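Dropping the structure in here first, questions after.
Chain naming follows the written order as A, B, C, D and E, and within any one chain the residues start at number 1.
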Amino acid sequence: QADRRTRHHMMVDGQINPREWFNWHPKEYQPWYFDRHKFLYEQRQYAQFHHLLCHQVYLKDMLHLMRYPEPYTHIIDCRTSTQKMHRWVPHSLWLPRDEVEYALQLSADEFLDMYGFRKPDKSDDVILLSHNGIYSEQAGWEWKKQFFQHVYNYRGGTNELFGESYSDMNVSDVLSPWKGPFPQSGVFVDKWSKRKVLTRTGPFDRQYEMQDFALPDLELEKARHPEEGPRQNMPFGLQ
Amino acid sequence: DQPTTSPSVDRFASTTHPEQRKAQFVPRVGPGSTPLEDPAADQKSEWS
Amino acid sequence: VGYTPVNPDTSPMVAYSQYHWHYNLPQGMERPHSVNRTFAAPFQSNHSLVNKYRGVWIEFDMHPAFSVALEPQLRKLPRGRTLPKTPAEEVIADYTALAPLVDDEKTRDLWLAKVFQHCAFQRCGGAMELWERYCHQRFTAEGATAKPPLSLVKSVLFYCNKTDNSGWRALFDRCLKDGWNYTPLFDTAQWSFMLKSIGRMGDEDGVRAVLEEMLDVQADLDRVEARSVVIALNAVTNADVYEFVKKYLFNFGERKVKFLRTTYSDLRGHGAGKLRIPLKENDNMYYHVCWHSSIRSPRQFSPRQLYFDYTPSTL
Amino acid sequence: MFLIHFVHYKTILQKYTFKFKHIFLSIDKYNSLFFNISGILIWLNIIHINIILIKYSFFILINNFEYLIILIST
Amino acid sequence: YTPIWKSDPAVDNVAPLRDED
């Protein structure tokens, strides 16, 4: 008939019941879109870095610049480990990501002495390069914070160029299932009624929704559920 | 037909998401608080 | 105080409060508002446009000499927005008989294009003979140099779609950049009819070629008629073409994609009658178009649905 | 091969200036007229009066939102 | 729900160019 999942309860098992429409900060109803199929750093979890992103440069631009170089466009290789880099992107130069913060604070001379090539002026085009396009992005943020006017990241960079599959960092799309209780750092007291209410941090987070969302192929999606259908634990009207 | 060298080619952090389509750290506005960053079709006027 | 809230315009105890403007202050406008001027929206109605021609316009350019000379023959063929009911056999007989007498290429071909269009509206199958008898020799065969007049091509294509005909693929191919370069001059309705036909016949590969060209030529994607996109997509069973169609589906707009789903669910649904030939079952493509729609729409929060089974853990 | 050694001229001249206001310069705020409050009356359960300054009051506000409040010569 | 579609094959884009040259 009814039970803790179906009934109205302010609290279930000593913690705020996430099932109540009125236990959430109304801001959580505001409309949003799915990120996950977009480039890693455009996603919403990285929002603190969003002001910093870099204008892109596509594969076409890259081949064009291979055959037809510009004098004051610099292509800068950000690949960090020498163990993983076996080829040379034409007309590129090597500033590994790990050094960037230091490198960009050298004088023209000192920079010349440490990296063996001229430090790009702040007007010049700077194209950044990495395996996946992740380290190149982070490096980009560095170059942008010293204020460099044209900084382009080429995502998919060395992997697309050379057909290698390598990665700058090992990060995986899957989030580890949330462990503890709901964090008191996300609990949001209301200012008018002084009423405690959930936010979408923690075990409730949009990442988890997108992660477990229906697959985009009917066959793989039907494989995921029992014969009779997708949600049979629920009463018909909650399905 | 449009070359790789054309300004038409869209290089912005994001294709879809408007807040990721700026040039600088915040969204600059033109005179009269009109949108600068990505102009809408009718804001660009080619007149004499 | 109550279950019925105060409405802030009519209540002086709101209007004249300290958080609003009292009636004894000077009542002028506070700040100006320019909304429509700063960022303006383009007009798109919820309803389709009521006067639009809704067909494939065949562009009748005739010299006003043969236009008068040929009038008793042409009066039987379609003029603008008028579709005389003359049986197609008769019209083709008239062309076969009288056309060798006319000396103009341009005239003979405008006339032919009218014949084709007329036979497209009645769905008479014996009209391709006309293509093989007159046009094929100087247009489609053995790398002939000559470049057919646009209206003729549009007409023949329109005929191959209206009467579902394998022939279209040969003509269409000649229209790409290296050939006649006619493809960027096609109407949105042209694309609509093409897609629908190809879909019925069931060529995934025809569908792919056509969607690629449409996209490159900058057709109006959102205004391609939904029914025909659905019937085309429905035709796709092959793994690679399937991949293509996901990636491609991202080219439509939010709204378009929502109604791709609605239209799809209707054509296999309640509105299964609406089609002359019933759809064929693609459960995969149906599911996918629905899924895509769901991905691209704004997301809503239904917490009792998401967290239904949530239990907290002390780990 | 190299025939020459040279000194690198560049023209760095800024002669044009384009500064565009960021959006938040034009955002709204709430501004208010401000007079010296001569008195206040609150009533919800029980009425309470505070009188800061006794003068003939030239203006009077009434505000109903939570508690009834009347700001005198406000 | 990711990945939506099969990623591009491993193809090497630089080689054909520098080979022509």
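Odds and ends about this structure:
The rule is simple: a residue touches a chain if its C-beta (ideal position, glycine included) is under 8 Å from a C-beta of that chain, and two chains touch if they have at least 3 such contacts.
In terms of the stated touch criterion, the partners common to chain B and chain C are A, D, listed by label.
Among the chains, the centre nearest to the mean of all shown protein C-alpha atoms is found for B. The count of contacting C-beta pairs peaks for the chain pair A-C. Mean C-alpha positions place chain A and chain E at a centre distance of 23 Å. With each centre defined as the average position of its C-alpha atoms, the distance from chain B to chain E rounds to 30 Å.
Centre to centre, using the average C-alpha position, chain A and chain D are separated by 37 Å. The centroid of the Cα atoms in chain D and the matching centroid in chain E are 56 Å apart.
Shared contact sites, meaning residues of chain A that touch two or more other chains, fall at 33-34, 37, 214, 216. Annotation for chain D: no residues touch two or more other chains.
Under the contact definition stated at the top, the residues of chain E that touch 2 or more other chains are 1, 4. Every pair of chains in contact is given here: A-B, A-C, A-E, B-C, B-D, C-D, C-E.
In the complex of the two chains, the chain C residues touching chain B come out as 34, 37-40, 42.
Those residues of chain C whose C-beta lies close enough to touch chain A in the complex are 246, 283-284, 286-288, 291-292, 294-296, 298-301, 303-315. By the touch rule above, chain C contacts chain D in their complex via residues 13-14, 16-19, 22, 24-25, 31. Against chain A, the residues of chain B that register as touching in their complex are 4-5, 9, 11-14, 16-17, 19-20, 23, 25-26. In the complex of the two chains, the chain E residues touching chain C come out as 1, 4-6.
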